[PDB]
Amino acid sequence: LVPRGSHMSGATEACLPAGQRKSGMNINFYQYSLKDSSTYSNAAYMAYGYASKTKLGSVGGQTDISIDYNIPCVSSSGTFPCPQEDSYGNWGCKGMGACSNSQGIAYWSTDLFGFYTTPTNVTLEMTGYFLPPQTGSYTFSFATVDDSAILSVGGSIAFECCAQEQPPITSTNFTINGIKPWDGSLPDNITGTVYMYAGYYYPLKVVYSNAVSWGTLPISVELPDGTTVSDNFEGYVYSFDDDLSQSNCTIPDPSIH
């Protein structure tokens, strides 16, 4: 008469928040030191230790969540962002000539979500809930990572149901571990799969850090129907203000709810 449930309580925890839904993710920004090539290599830091550093500010309602930050080239014709693959020599930017500025200093810009900060050296935390329209397997991916990132899905993994705005939880059970290894870079097209049931809200956390110059995090998901959603997650990601009083908010096992 009923489904048997995923084996060994293996279903990912989801949520049914009852409050006012808002489109998009919240992005919190935290201090990260220029040219610090070690802090971001610790799992504890990328899961929650980032929030022990100074919080710089925040922006809400973000649906286009990929990162593609290019440093300036101060050129003969003005100052323009340089795609990393167009940088050359010591140094110039293709179509611009030689650049007079250093690749090794901090730069200030609104390129990350409109928030004025130093995209060269920062950590950010994206939170919200992913709403699957289809029941099945979802494959999240980072096409590349510069410098360090994680993605976590699920209640008690990304954050607690109905508690999006709380200090980070301590889970290191990342869905995608894109942490910069101690020994030098990771492979591209890093991925993690989650089985999701339609209509339930799945906590989603992305933590991303840049230590110097370029920053890159192209985020995608492959849906059960085999199509891919890249960069702009409008229609899939939502936020809810905390409601720690909502007793029934956590769905430990969506296949038997």
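Residue indices: 1-based, along the sequence shown. If you superpose the two forms and keep the largest set of C-alpha atoms that fall within 1.5 Å, you have the rigid core.
- When the other structures are laid on the shown form by the rigid core, the stretch among 181 to 189 and 167 to 175 with the greater C-alpha deviation in 8 other deposited structures of this protein turns out to be 181 to 189.
- The deposited model assigns a higher average Cα B-factor to 2 to 10 than to the other stretch when 2 to 10 and 248 to 256 are compared.
- 121 to 129 and 178 to 186 differ in mean CA B-factor, and the higher of the two is recorded for 178 to 186.
- You'll see in the entry that, of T216, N28, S209, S37, the Cα B factor peaks at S37.
- Residue set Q134, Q164, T79, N101: peak C-alpha B-factor at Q134 (per PDB entry).
- Ranked against the other modelled residues of its chain, the C-alpha B-factor of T144 as given in the entry falls in the highest third.
- Annotation for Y88: CA B-factor lies in the lowest third of the chain's modelled residues.
- Annotation for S156: C-alpha temperature factor in the middle third relative to the rest of the modelled chain, per the entry.
- Per the PDB record, residue ranking by Cα B-factor puts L204 in the lowest third of the chain.
- Ranked against the other modelled residues of its chain, the C-alpha B-factor of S58 as given in the entry falls in the middle third.
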